[PDB]
Every structure is written in structure tokens, then in C-alpha cells.
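This document starts with one chain, in the form deposited in one PDB entry, laid out as C-alpha cells.
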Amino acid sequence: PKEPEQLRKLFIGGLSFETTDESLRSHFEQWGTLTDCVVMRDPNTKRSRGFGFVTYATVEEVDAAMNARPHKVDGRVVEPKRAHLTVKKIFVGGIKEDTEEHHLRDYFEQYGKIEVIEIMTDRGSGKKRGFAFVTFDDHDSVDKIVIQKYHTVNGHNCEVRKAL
């Protein structure tokens, strides 16, 4: 049963205008089977629009490609993104008053490198408010997190969203 195609796509920005379907494919095939690979071009001039997309056979292959950044394709460092509000911070709700830093860290560190964990407390009483913010060193962590249907931390079913 294949993962939805949308979750297997990488948008690739910042291409060299000399990158082609073939050279984009030869590069990104290093990290998995590509079912699709397209450079976007002007319909009249055929001049590159400077971005394209690749579709892998599996989500684990998307992960491998993102873990191999930075990608230099035909001499230029490109910008791959999954299926954009590009942020490095998430809101984590529903953690109640018994969730601590290490609960959040042990779970979220497997999505990416954590730089900040902020467990929110009441300005007047100091009591925990039941939500937190986690800041990562890179946006792909957040992108992986927010497409999951479920997040379970410290036994709690959590609501997780991009934080701006």
C-alpha cells in the first residue's frame, strides 16, 4: 500500500537554469527510486523557471534526500522542501500539567535537532498551562511533524501545529 504521492514529493527551488529533467533525476536518484522528475519551464521560451519537483517511491526515500542536504545540483545549492509556510517552531498542545522537558525532547529529537523547548507557565501563578513550543534548527523537522495524523507524548494525544 503506497504512501500518498503528495507525501513523496520534493519541491526543489533555486535550480540552475541549466538543470534539466535528466540532470535533476541523475542527482536525486542517489537517494531513492524516482517515479517523477520535472524541471518547470516557460511554455513559450522553454527557459527554466528555476524550480522543479521530484517524486520518490517512498517517504523514507524523501527522508534520505532531505538528510543529504545541502544539495549542489549542476553547481548550485538548491532548496528542497516537502509538500509553503517554512518555519522551525511548533506549538504542542494538550500536554497538561505533568509533561516535562525530557518528555518533549525524547520524542521530538527524532524529528530533528532541537534548539529550544519552552514549556508554558501561567504568568501569575507559575502553573503549567498545558502547552509548549519546540524550536528546531531546520524546517524539515517541522514539516515531517505536522503531516502526521497523531502525536503521543507522555501518554497524551497532542495537538501539534506550525508556530509563527
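The first residue of the shown sequence is 1; numbering continues from there.
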For the stretch from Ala83 to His84, please bin the deposited residues that the model skips: none, 1 to 3, 4 to 9, or 10 or more.
10 or more
Taking only the CA atoms, which stretch has the higher mean B-factor in the record, 124 to 132 or 53 to 61?
124 to 132
According to the deposited model, is the average Cα temperature factor higher in 72 to 80 or in 85 to 93?
85 to 93
Of the residues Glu101, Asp42, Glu29, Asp137, the one whose Cα carries the largest B-factor in the deposited record is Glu101
Looking at the C-alpha B-factor values in the deposited entry, which of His156, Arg25, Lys9, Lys144 comes out highest?
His156
Sorting the chain's modelled residues by C-alpha B-factor, tell me whether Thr152 ends up in the lowest, middle or highest third.
highest
Third of the chain, ranked by Cα B-factor, where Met66 sits
lowest
Going by the recorded CA B-factors, say which third of the chain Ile117 sits in, lowest, middle or highest.
highest
